[PDB]
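Colleague:
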Ligand SMILES: CC(=O)OC[C@H]1O[C@@H](O[C@H]2[C@H](OC(C)=O)[C@@H](OC(C)=O)[C@H](S(N)(=O)=O)O[C@@H]2COC(C)=O)[C@H](OC(C)=O)[C@@H](OC(C)=O)[C@H]1OC(C)=O
Ligand SMILES: [Zn+2]
């Protein structure tokens with residue numbers, strides 16, 4: 108189906124998902140000198156104290172750490188958000204080289220990787236209904252740069268060997284997502300879409316200004332994963348990022364000056 112290769116990559120997605128050329132697609136380049144500081148933006152509230160992780164799965168495009176979202180255990184509120192959004196999963200997008208990998212860019216600068224913590228608006232009952240709404244999801248995006256190791260990320264790095272190929276999953280309970288957050292919660296926000304097919308335009312993007320640092324050793328293990336399934340020719344899971352899309356009729360707001 109769709110992928111990140113030359114014959115099934117981002118350039119081809121519009122054929123099966125025409126919304127790929129839509130009015131509010133993601134990611135986008137964040138021009139820091141065009142973003143407007145919005146003093147009306149309420150404080151961002153990340154409540155991950157009761158977060159309940161369940162499993163880690165290699166889905167052939169990236170790996171997802173899933174959470175129990177039957178209750179308001181881990182939620183995102185405040186900021187440009189109205190209501191409560193429950194955390195359902197997080198995953199990353201990374202490159203084959205340290206100079207690329209992130210989906211959003213800042214003044215055209217590409218980071219080594221990007222973490223996406225996905226949340227859905229509880230007013231819609233379930234994730235499936237939420238993705239069909241303009242304000243159905245809220246995704247917290249965090250850039251990763253290569254530097255010092257990130258303690259909170261090692262638990263994830265340690266289990267990647269058990270889900271090397273597509274379809275593989277492993278138990279992943281008691282993981283605290285709070286360990287992946289930078290010190291500052293300053294952010295940029297704009298209305299966008301999922302960055303992978305079906306590319307639904309149901310996302311309120313909240314991209315943090317401050318990146319987190321990960322070690323070269325940690326990123327290297329990400330690059331050892333496989334897009335292919337067990338018993339098939341090896342295709343390293345790298346460069347699973349969509350490039351920046353036209354901003355069009357949208358404004359990016361900043362929570363800071
Ligand atoms: C289109 C549809 O019917 O439902 C929407 C889809 O939601 C997908 O979940 C994420 C996706 O997680 C993945 C791919 O595991 C997420 O991260 C990716 C693709 O790497 C992207 S992203 N980059 O914008 O954060 O968004 C997708 C939308 O859901 C979000 C943001 O929470 C589901 O899993 C996928 C695509 O793998 C996907 O499941 C499919 C397709 O079978 C689909 O959900 C449904 C109803 O199946
Ligand atoms: Zn993503």
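In the numbering used here, the protein residues as written are 108 to 364. Each residue gets a CB set at the ideal place from its N, CA and C atoms; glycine is no exception.
Since residue 244 and residue 309 are thought to touch, with beta carbons under 8 Å apart, how far apart are those beta carbons, to the nearest angstrom?
Modeller: Start at 1 with the first residue of the chain shown, and residue 244 comes out as number 137. Start at 1 with the first residue of the chain shown, and residue 309 comes out as number 202. That pair is a contact at about 5 Å.
Colleague: Alpha carbon to alpha carbon, how far is residue 258 from residue 153? Give it in angstroms, no decimals.
Modeller: Here the question's residue 153 lines up with position 46 in the chain shown. Here the question's residue 258 lines up with position 151 in the chain shown. Going by the C-alpha atoms only, they are around 19 Å apart.
Colleague: Looking only at its own chain, which residues have a Cβ that is under 6 Å from the Cβ of residue 185, when we skip the five neighbours before and after it?
Modeller: Here residue 185 refers to the residue found at position 78 when the chain shown is read from its first residue. So the qualifying residues of the chain are 149, 150, 151, 152.
Colleague: By the 10 Å Cβ neighbour count, where 16 or more other Cβ atoms means buried, how is residue 108 classified, buried or exposed?
Modeller: As a first step, residue 108 is located in the chain shown; it is residue number 1 there, counting from the start. Burial call: exposed.
Colleague: Secondary structure at residue 242, three-state DSSP: helix, strand or coil?
Modeller: For the purposes of this step, residue 242 is taken as residue 135 along the chain shown, with counting starting at 1. Residue state, collapsed to three classes: coil.
Colleague: Roughly how many angstroms separate the alpha carbons of residue 345 and residue 169, rounded to a whole number?
Modeller: In the chain shown, counting from the first residue as 1, residue 345 sits at position 238. In the chain shown, counting from the first residue as 1, residue 169 sits at position 62. Cα to Cα, residue 345 sits roughly 9 Å from residue 169.
Colleague: Should residue 235 be listed as close to ligand 1, given that the test is whether its C-beta is under 8 Å from any heavy atom?
Modeller: Here residue 235 refers to the residue found at position 128 when the chain shown is read from its first residue. Yes.
Colleague: Which same chain residues, not among the five before or five after residue 128, have their C-beta less than 7 Å away from its C-beta?
Modeller: Within the chain shown, residue 128 is the residue found at index 21, counting from 1. Excluding residues within five positions, the ones whose Cβ falls inside 7 Å are 121.
Colleague: Note down the Cα distance separating residue 359 from residue 300, rounded to an integer number of angstroms.
Modeller: Residue numbering aside, residue 359 sits at position 252 when the chain shown is read from its first letter. Residue numbering aside, residue 300 sits at position 193 when the chain shown is read from its first letter. Rounded to whole angstroms, residue 359 to residue 300 spans 14 Å at the Cα level.
Colleague: With a threshold of 8 Å, establish whether the CB of residue 229 neighbours any heavy atom of ligand 1.
Modeller: Along the chain shown, one-based indexing puts residue 229 at 122. False, no ligand heavy atom lies under 8 Å from that Cβ.
Colleague: Are at least three pairs of beta-carbons, each pair with one atom in the stretch 232-244 and one in the stretch 261-271, less than 8 Å apart?
Modeller: No, the stretch 232-244 does not touch the stretch 261-271.
Colleague: Measuring alpha carbon to alpha carbon, tell me which residue in 239, 329, 162, 361 is nearest residue 202.
Modeller: Counting from 1 along the chain shown, the entry for residue 202 is found at position 95. Checked all of 239, 329, 162, 361; the closest Cα to residue 202 is 329.
Colleague: What's the gap between the Cα of residue 362 and the Cα of residue 295?
Modeller: Mapped onto the chain shown, residue 362 falls at position 255. Mapped onto the chain shown, residue 295 falls at position 188. Approximately 6 Å between the Cα atoms of the pair.
Colleague: Which residues does DSSP list as the beta-bridge partners of residue 174?
Modeller: Here residue 174 corresponds to residue number 67 of the chain shown, with the count starting at 1. Paired residue(s): 160.
Colleague: Runs of 4 residues minimum, wholly inside the stretch 186-249: which ones carry the alpha helix (DSSP H) assignment?
Modeller: Taking only runs of at least 4 residues, the alpha helix (DSSP H) segments lying wholly in the stretch 186-249 are 234-237.
Colleague: How many angstroms separate the CA atom of residue 239 from the CA atom of residue 281?
Modeller: Position 132 of the chain shown, counted from the start, is the residue given in the question as residue 239. Position 174 of the chain shown, counted from the start, is the residue given in the question as residue 281. Their backbone Cα atoms lie some 31 Å apart in a straight line.
Colleague: Within its chain, find whatever has a CB closer than 7 Å to the CB of residue 319; leave out the 5 residues flanking it on each side and keep chain order.
Modeller: As a position in the chain shown, residue 319 is number 212, starting the count at 1. Excluding positions up to five away in sequence, the list reads 249, 251, 257, 287, 289.
Colleague: Please look up how many angstroms separate the CB atoms of residue 114 and residue 347, rounded, as I've assumed it's under 8 Å.
Modeller: The sequence position of residue 114 within the chain shown is 7, counting from 1. The sequence position of residue 347 within the chain shown is 240, counting from 1. Rounded, the Cβ-Cβ distance is 15 Å, inconsistent with contact.
Colleague: If you follow the beta strand (DSSP E) that residue 110 is in, where does it begin and where does it stop?
Modeller: Position 3 of the chain shown, counting from 1, holds the residue named residue 110. It is not in any beta strand (DSSP E) - residue 110 carries neither H nor E in the DSSP assignment.
Colleague: Can you say whether residue 147 is buried or exposed, counting buried as having 16 or more other CB atoms within 10 angstroms of its CB?
Modeller: Here residue 147 refers to the residue found at position 40 of the chain shown. Exposed, since its Cβ has fewer than 16 Cβ neighbours within 10 Å.
Colleague: Hey, how far is the Cα of residue 291 from the Cα of residue 119?
Modeller: For the purposes of this step, residue 291 is taken as the residue at position 184 of the chain shown. For the purposes of this step, residue 119 is taken as the residue at position 12 of the chain shown. Approximately 37 Å, taken between the alpha carbons.
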